[PDB]
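[1] This one's experimental. Sequence and coordinates below.
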Amino acid sequence: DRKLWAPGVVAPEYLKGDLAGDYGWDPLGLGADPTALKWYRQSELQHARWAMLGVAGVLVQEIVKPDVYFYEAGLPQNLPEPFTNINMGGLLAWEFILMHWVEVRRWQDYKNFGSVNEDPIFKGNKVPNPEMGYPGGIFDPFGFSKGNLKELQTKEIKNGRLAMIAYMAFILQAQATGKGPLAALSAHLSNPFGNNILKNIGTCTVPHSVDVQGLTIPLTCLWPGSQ
Amino acid sequence: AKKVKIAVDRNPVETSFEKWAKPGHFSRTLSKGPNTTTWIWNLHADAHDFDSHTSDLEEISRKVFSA
Amino acid sequence: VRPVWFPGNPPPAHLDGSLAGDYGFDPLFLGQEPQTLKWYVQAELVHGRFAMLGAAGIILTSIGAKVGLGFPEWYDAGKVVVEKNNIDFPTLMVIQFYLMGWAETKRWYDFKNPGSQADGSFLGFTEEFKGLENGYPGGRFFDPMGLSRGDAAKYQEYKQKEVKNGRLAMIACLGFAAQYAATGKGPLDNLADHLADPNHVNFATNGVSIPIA
Amino acid sequence: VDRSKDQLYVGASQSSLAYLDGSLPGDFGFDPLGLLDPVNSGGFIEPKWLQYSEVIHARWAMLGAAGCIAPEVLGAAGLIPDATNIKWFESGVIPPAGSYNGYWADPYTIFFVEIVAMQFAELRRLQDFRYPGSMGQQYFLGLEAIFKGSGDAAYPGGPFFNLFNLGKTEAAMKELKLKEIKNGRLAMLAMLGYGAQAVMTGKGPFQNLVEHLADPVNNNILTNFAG
Amino acid sequence: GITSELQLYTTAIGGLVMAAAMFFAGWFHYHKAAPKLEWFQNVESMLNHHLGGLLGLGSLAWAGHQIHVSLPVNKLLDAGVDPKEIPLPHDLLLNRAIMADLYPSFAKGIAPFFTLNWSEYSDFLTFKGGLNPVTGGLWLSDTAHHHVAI
Amino acid sequence: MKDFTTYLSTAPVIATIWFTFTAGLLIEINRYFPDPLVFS
Ligand code: CHL
Ligand code: CLA
Ligand code: CLA
Ligand code: CLA
Ligand code: CLA
Ligand code: CLA
Ligand SMILES: CC(/C=C/C=C(C)/C=C/[C@@]12O[C@]1(C)C[C@@H](O)CC2(C)C)=C\C=C\C=C(C)\C=C\C=C(C)\C=C\[C@@]12O[C@]1(C)C[C@@H](O)CC2(C)C
């Protein structure tokens, strides 16, 4: 009885509202294999949660530091004063080691549900992990999981899906116009007709490559825009 | 007033090398194989004499068309 | 049931999926006869195994050339090795055919009469040359780690892995030859050019592969 | 061929009414050469292939008819840069007539991607005609769920090719198929018109229309024999 | 109008493709879709297609080649132009300006054909007779009018 | 394939291969040892 993505369209058999934010949308039928549907559901949570942090970071960073131009914020010379011109090789080493640990733990949970709940060092500590992708426990200090969990999952995925669309709008707008999200919004308001996608779509403002501390990094736009 | 139209038969014959290994298959006389050297000459002499292999005009015409 | 090279086409009768890497690909029915199929199964493995050694050797030496360690390109190594080391080519060629001839004749008469080379005739060795299957010698000489004598399920998995990397290597060795003829540069020299400008540097623009271009 | 709608067209004959019983879409009885006669049919001249081929020609022609004029109409309205306001036969398909420099790759590099992409699209479509339902069985990254067909080769249906499941009722589907065939047949004649008009006049389809409206008497096929 | 070994080479490749098509047709029309006896006995239909279709359109198609390829190329060859400097046959086809220089009648397009002013084409549809003095062979303009009439 | 190899075993096919081989051997010998008149 739930509303579907389009009017008068039959939902797939395997989509029966069990998961949150289920509109019965699967034109490519990628969820037919039950095991594949679980894996894709996790990746939807990862993209949804990472994307929401991405959108929040870009917007908040723009307000505090308007001139950083987040697209270029990755360059070492643009880093804050404490970290300015830090050796990117050492900086990457922290991320690889720390993310490899965290992500393998999450991966092992998917392979064998409930195996990696307990802390490895300090015996006794554990997380409830009521459902895969929702560890809870220490990950939910405020205890919002208690109550109408189903509704909260719906709110999370719906906002997360919107963030995914919104963030890729930031990327394409930066590539085409060369301005951040808020800056582009101001430009449209000033001259709604002269300054819009109909004009900017044909230009890609990203240089072909950059030199990061002597290492050349290729760059591209998402379409063959006029460099 | 028989109408002029395209008329064919589907898969009349099978594509196999079986008969390539049985010389004389086309003729009843030569199908039994050789006993004298006269058989060898008879094989080549009557190979394209379709009208004598079969009495069916349709079968004769189809061989002529593809030959 | 099992996947095939051309989806929707039933596999040939003589290919029942028992062999490793079987996708029912035999459009010319070259292996219809069961005894001839044994010969080609082993011919494919020998071709595949040599190609893997060839591809790995060509790739590794090419990396040595690009990095500047001084290795010559695969298409010049033969001339360089002989001249630099002062080797008589006809003697080296003859030695190869004695060693290959002895080793490869033994493989020939094991195919004809399986188990014949494990009779103790050759220096008293009676179990290292018995053979496990067609194209899979086994034993403690050809399989010192005993990966074919351990788990049966995983050994069948490796047979699938061996043939597919062998077929991939065979295609690669054809790529090395075709690329050298069209371009006249080393393997990784071509790879570097493609990564520079993939759009404007490939076979469609080399001026050879597509003459009408 | 009677224009417009009617029970039967000009070329309808008593011989063709023997097997043309209205079952097929757009069945107006027009078959003077009697190529659709079921009796003693074979090869490619059979009802199933000829009806299938017409729909395939209809759908390619519809894309071609709209795509061979849109650059001129959009360019005339200023919605695209003048650099891309190019006649359909001067895009690069016929380099002797004219070629466009500015694609992200050489037109032969683009063609190879076209070959590979169309090999998959066309050979998979063919295998459903030879073995109905066979493309929904072998693993294809989970996409085989949407390639199960519907028994009729020309109308696969399914979750993707019938994304919005229009024509749910039998009566509705027949009307849609009829509308598809008539638009498709009209586009096939339009494409032939583009080809003939290009040779006779050497100008784009849009230019020919504008010139005809200017001076209809002084601009038509008869006056274009000489210039 | 052949002037290079490339043109000879392409015809040979086309000849092999036709040879492959002919052998496929023989296999197809014997093992796959064999015409029935009633099909072979439409003598009226066969003559119609072989008179107007084989001989008729074959003669018209060859007239198209002579009018657009053979006549311009041989007109320049007889004038002494170096073969490598002659325009390619497709340049003659695409550029009506070039053809007008050799034969002014082309400046009027195909309007004379449809308006029945066939005398406009007298410059390349001739009735000279005799032999071309430079090459000792029949005029190709005469040969083109022959195949158009045929 | 059994029948096809049987066809290649027919007398005309064998003779063509055999004489093609025999002729090729003689032609190649005279290519590397031109003008042989005496054993020497
Ligand atoms: C009548 C003569 C005769 C002939 C024609 C052969 C022929 C053959 N025997 Mg042999 N045998 C013969 C008698 C005998 N064989 C054997 C026992 C065997 C066995 C057990 C085997 C053969 C095998 C073979 C084959 C080896 C193929 C090859 O490439 O070898 C290449 C040859 C060599 C590598 C050795 C010769 C190299 C070189 C000419 C001499 C070099 C000498 C120097 C000292 C080298 C020093 C180098 C160091 C210092 C680096 C070949 C068909 C083998 C085979 O293929 O079996 C299936 C095999 O396994 N024979 C005995 C003892 C009963 C014989 C008695 O008369
Ligand atoms: C079928 C669609 C189509 C195709 C195949 C092309 C192809 C091309 N366009 Mg054109 N273009 C189109 C439609 C299309 N365009 C439309 C509708 C517009 C108006 C928004 C433009 C505006 C435009 C500009 C301003 C420029 C090009 C240029 C180009 C070239 C590629 C480089 C580039 O920057 O493209 C960028 C173009 C796009 C990303 C348009 C994508 C259109 C998609 C494929 C169709 C669906 C669009 C959809 C209805 C949404 C429209 C906008 C929306 C706000 C309503 C290439 C020849 C460049 C050129 O001339 O180089 C010499 C160039 O500078 N196009
Ligand atoms: C002597 C020549 C000849 C004849 C009399 C026939 C006769 C027949 N063929 Mg066969 N065929 C031939 C040659 C011939 N074929 C060749 C050479 C090939 C290989 C290419 C085939 C391949 C073939 C197939 C695959 C099929 C037939 C079929 C048929 C039947 C219907 C034909 C029809 O209506 O065509 C009408 C023609 C068309 C619908 C196509 C017209 C356009 C074609 C593709 C090109 C014509 C080019 C033109 C002559 C020159 C253009 C000049 C310039 C503009 C470039 C009929 C029994 C069909 C059958 O069995 O039906 C029961 C069938 O399925 N033929
Ligand atoms: C059979 C159909 C067909 C074909 C073969 C062509 C072919 C062509 N068209 Mg035409 N066109 C057609 C139909 C067709 N058109 C139709 C129906 C219309 C009306 C809508 C148009 C409107 C049109 C315009 C307005 C223009 C062309 C142009 C072109 C040329 C350049 C094509 C190009 O750059 O594509 C670009 C390639 C793509 C759009 C495909 C992108 C493929 C990537 C991999 C997709 C990635 C997707 C991404 C990951 C996820 C989705 C993102 C999205 C939500 C934003 C080329 C000759 C251009 C031209 O003539 O330039 C000189 C041009 O300006 N066409
Ligand atoms: C590989 C494909 C193939 C296969 C397996 C078959 C199989 C068969 N065909 Mg079919 N056929 C094919 C292709 C094939 N055909 C083609 C391409 C055509 C078109 C020409 C035909 C036309 C055809 C006809 C008309 C007939 C068959 C018949 C047969 C049967 C016996 C054929 C036989 O004995 O051949 C063995 C014969 C040969 C090997 C001779 C080959 C002759 C070719 C044309 C080469 C000519 C070379 C020429 C002489 C060179 C000059 C010589 C000089 C230098 C000395 C058998 C079922 C017959 C049948 O079913 O009878 C009941 C039959 O009547 N076929
Ligand atoms: C069969 C023989 C033949 C052929 C093929 C041609 C062909 C041609 N002649 Mg020639 N001609 C011939 C006989 C022939 N002629 C004869 C016998 C005479 C003596 C009376 C002449 C006298 C003559 C003169 C005086 C002239 C020509 C000219 C021409 C050219 C333009 C004709 C024109 O305006 O067409 C108008 C339109 C058409 C023919 C219709 C074209 C239809 C197209 C091909 C449809 C394509 C549809 C398709 C779906 C679209 C592609 C889609 C795809 C890319 C996706 C053309 C190359 C003219 C020229 O330019 O000469 C250099 C010219 O001035 N001819
Ligand atoms: C993860 C993500 C973004 C993450 C961004 C991050 C971390 C950004 C970080 C930083 O920016 C900051 C904060 C500050 C900067 O200074 C530095 C960087 C480092 C740049 C986006 C995902 C974005 C993901 C997107 C847009 C995915 C869209 C998927 C769609 C539409 C799929 C549709 C369908 O598949 C279904 C569901 C079902 C099928 O049946 C049908 C089809 C149609 C195939």
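    Cool, got the structure. Residues are numbered from 1 along each chain as shown, chains lettered A, B, ... in the order given. Ligands and ions are numbered 1, 2, ... in the order given.
[2] Can you tell me which residue of chain C sits closest to ligand 1?
    residue C:101 (2.7 Å; C-beta to the nearest ligand atom). Using the backbone N, CA and C atoms, a C-beta is placed for each residue, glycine as well.
[3] burial measure for that residue, as a count.
    The burial metric for residue C:101, expressed as a neighbour count using other C-beta atoms under 10 Å in any protein chain shown, is 11.
[4] Please tell me how far it sits from residue A:145.
    If you measure residue C:101 against residue A:145 using C-beta to C-beta, to the nearest Å, the figure is 75 Å.
[5] which stretches of chain F form helices?
    Secondary structure of chain F, counting by DSSP state H: helices at F:2-8, F:11-32.
[6] One more: chain A?
    Using DSSP H, the helices found in chain A span residues A:34-64, A:88-111, A:149-177, A:181-190, A:197-200.
[7] just the strands in chain B please.
    Shown for chain B, the strands assigned by DSSP state E span residues B:8-10.
[8] Can you pull the residues of it lying near chain F?
    Selection of chain B residues close to chain F by C-beta under 8 Å from any C-beta of the partner chain yields B:16, B:17, B:18, B:20, B:21, B:23.
[9] so what's the first one up against?
    If I follow you right, that is residue B:16. The contact partners of residue B:16, taken as C-beta atoms under 8 Å, 6 or more residues apart in numbering or on different chains, are residue F:3.
[10] circling back to that earlier point, any idea how far ligand 2 is from the residue of chain C closest to ligand 1?
    With distances taken as C-beta to the nearest ligand atom, to the nearest Å, residue C:101 is found 63 Å from ligand 2.
[11] I'd like the next helix or strand past the helix or strand that residue falls within.
    If you go by DSSP states H and E, residue C:101 is part of helix C:89-112. Elements were assigned by DSSP H and E; along the chain past helix C:89-112, the next helix or strand is helix C:139-142.
[12] Tell me the buried residues in that next one?
    Buried residues in helix C:139-142, defined by neighbour count with 16 or more other C-beta atoms under 10 Å in any protein chain shown: residue C:139.
[13] hang on, the earlier thing: redo the helices of chain F as a markdown table? Include mean neighbour count and distance to ligand 6.
    Listed next are the helices of chain F as a markdown table, based on neighbours: other C-beta atoms under 10 Å in any protein chain shown; distance: least, C-beta to the nearest ligand atom, whole Å:
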| stretch | mean neighbour count | distance to ligand 6 |
| --- | --- | --- |
| helix F:2-8 | 14 | 42 |
| helix F:11-32 | 10 | 45 |
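[14] Nearest to ligand 1, out of the ones you listed?
    Per C-beta to the nearest ligand atom, nearest to ligand 1 of the helices of chain F: helix F:11-32, 24.7 Å.
[15] Is ligand 5 within reach of the closest one?
    No: between helix F:11-32 and ligand 5, judged by C-beta under 6 Å from any ligand atom, nothing touches; the nearest distance is 8.7 Å.
[16] Next up, the contacts around the residue nearest the centre of chain E.
    With distances taken as C-alpha atoms, centre = their mean, residue E:62 lies nearest the centre of chain E, 2.2 Å away. By C-beta under 8 Å, 6+ apart, the contact set of residue E:62 is residue E:147.
[17] Hmm, residue A:2 is touching residue A:22, no?
    Yes: checked against C-beta atoms under 8 Å, the pair residue A:2 and residue A:22 is within contact range at 7.0 Å.
[18] Looking only at neighbour counts, state which of these two leads.
    The residue with more neighbours, out of residue A:2 and residue A:22, is residue A:22; 16 against 10, by other C-beta under 10 Å.
[19] got the contact list for whichever residue of chain D sits closest to ligand 4?
    Residue nearest to ligand 4 within chain D (C-beta to the nearest ligand atom): residue D:67, separated by 2.5 Å. Applying C-beta under 8 Å, 6+ apart, one finds that residue D:67 lies in contact with residue D:88.
[20] Now with 10 Å, please.
    D:88, D:91 (C-beta atoms under 10 Å, 6 or more residues apart in numbering or on different chains).
[21] follow-up on the earlier one: tabulate the helices of chain A (JSON lines), appending distance to residue D:189 and mean neighbour count.
    Supplementary listing: the helices of chain A in JSON lines, determined by distance: least, C-beta to C-beta, whole Å; neighbours: other C-beta atoms under 10 Å in any protein chain shown:
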{"stretch": "helix A:34-64", "distance to residue D:189": "46", "mean neighbour count": "14"}
{"stretch": "helix A:88-111", "distance to residue D:189": "57", "mean neighbour count": "11"}
{"stretch": "helix A:149-177", "distance to residue D:189": "40", "mean neighbour count": "16"}
{"stretch": "helix A:181-190", "distance to residue D:189": "44", "mean neighbour count": "14"}
{"stretch": "helix A:197-200", "distance to residue D:189": "33", "mean neighbour count": "14"}
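[22] Indicate which one of those helices is closest to residue C:138.
    Of all the helices of chain A, it is helix A:88-111 that lies closest to residue C:138, at 33.5 Å by C-beta to C-beta.
[23] Can you name the residues that contact whichever residue of chain C sits closest to ligand 6?
    Among all residues of chain C, residue C:212 sits closest to ligand 6, at 17.3 Å; criterion: C-beta to the nearest ligand atom. Under the criterion of C-beta under 10 Å, 6+ apart, the neighbours of residue C:212 are residue D:108.
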